[PDB]
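This document opens with one chain alone, in structure tokens, the form deposited in one PDB entry.
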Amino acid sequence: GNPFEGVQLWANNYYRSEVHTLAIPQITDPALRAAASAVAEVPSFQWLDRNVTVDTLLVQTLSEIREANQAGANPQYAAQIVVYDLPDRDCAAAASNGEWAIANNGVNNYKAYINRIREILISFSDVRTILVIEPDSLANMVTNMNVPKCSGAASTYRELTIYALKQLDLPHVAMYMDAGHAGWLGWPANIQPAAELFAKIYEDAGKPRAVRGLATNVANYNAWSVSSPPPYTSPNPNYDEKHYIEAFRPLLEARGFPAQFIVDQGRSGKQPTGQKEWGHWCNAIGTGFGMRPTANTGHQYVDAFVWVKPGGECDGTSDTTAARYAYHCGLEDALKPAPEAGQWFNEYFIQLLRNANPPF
């Protein structure tokens, strides 16, 4: 039942175009240019981070996959898409604040966005589609109820999550709900409360067939499995994603949710990282491209290692005067100067390339 089995993963043209139009013209070294071109072919998730992406980038990518598959691709290609446009998005940090606000028609806007995505996916029932649903949202509901914007958004996040899970429960779709990372929900105190929250949402959505499990480490830098805990992980015993998942799955399973996992490794190649504290998430120094996307995980509970966050796309601006400035992005272990979240950050791309493991 692994939705990553029996397909290959399509590398999308948005990221390929970033690398060829924004990155490569800035690289002169012949070997580095060639390595950059190779990264552009690694199949990372495409993000529906703005409403305008639905009718443009989603439809174009599904059209291109259809065309490649009709031309005889073997194995057939599958799409990898992130749904990331909740109103009052990114409730615990300014950096990825979205286009919609709950107080300004955000619920209606989001339900329409989900409905349009559904319409598109139904029309592309010939393209196997793997979705990650709303990075950070439910993890914020576990740990950030002390933050007024998160507390105020919780009931809306819950309603809209259940809406998405039901609406996008289509026969050719597999969904993974975002579930934080080892250094967030994997702390032993947070992990049972997290299991309870995720299992109840699953139950309240009616246990949709298409919900395959959870995504972890999205846009973070954790190791899958290292023998020695990186110093910044102390004193969390769940110091890597393998520890987190092996602790988390039994808890979820006892509560009726036999979740399979995908694990982001797109910025996990260099361990330990240059994070001075584990909570430093923004444009972290000392990181590299990590293990390539694969279903060959060597672990029963892990469907795939994936590249969810596309390395080179910024985590947040370092401009202290900007509306979306988060103090995390101005720290000494954040690469600077950095552009707005989601925009291309070429010096970061080069860092990831230099530190890539396996190398390009």
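For every residue, the number given is its place in the sequence shown, counted from 1. Note that the rigid core is defined as the largest set of C-alphas that superpose within 1.5 Å between two forms.
Just so you know, the form deposited in another entry exists too; it's not on screen, but the next bit is about it.
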- Note on the structure: Only one of 64, 333, 319, 55 shifts its Cα by 2 Å or more between this form and the one not shown once the rigid core is superposed, namely 319
- With both forms fit on the core, is the shift of the CA atom of residue 28 between this form and the one not shown 2 Å or larger? yes
- Query: Do you see a C-alpha shift of 2 Å or more at residue 19 between this form and the one not shown, with the core held fixed?
  - Reply: yes
- Message: For a quick test of reading the superposition: does residue 114 move by 2 Å or more at the CA between this form and the one not shown, rigid core aligned?
- Response: no
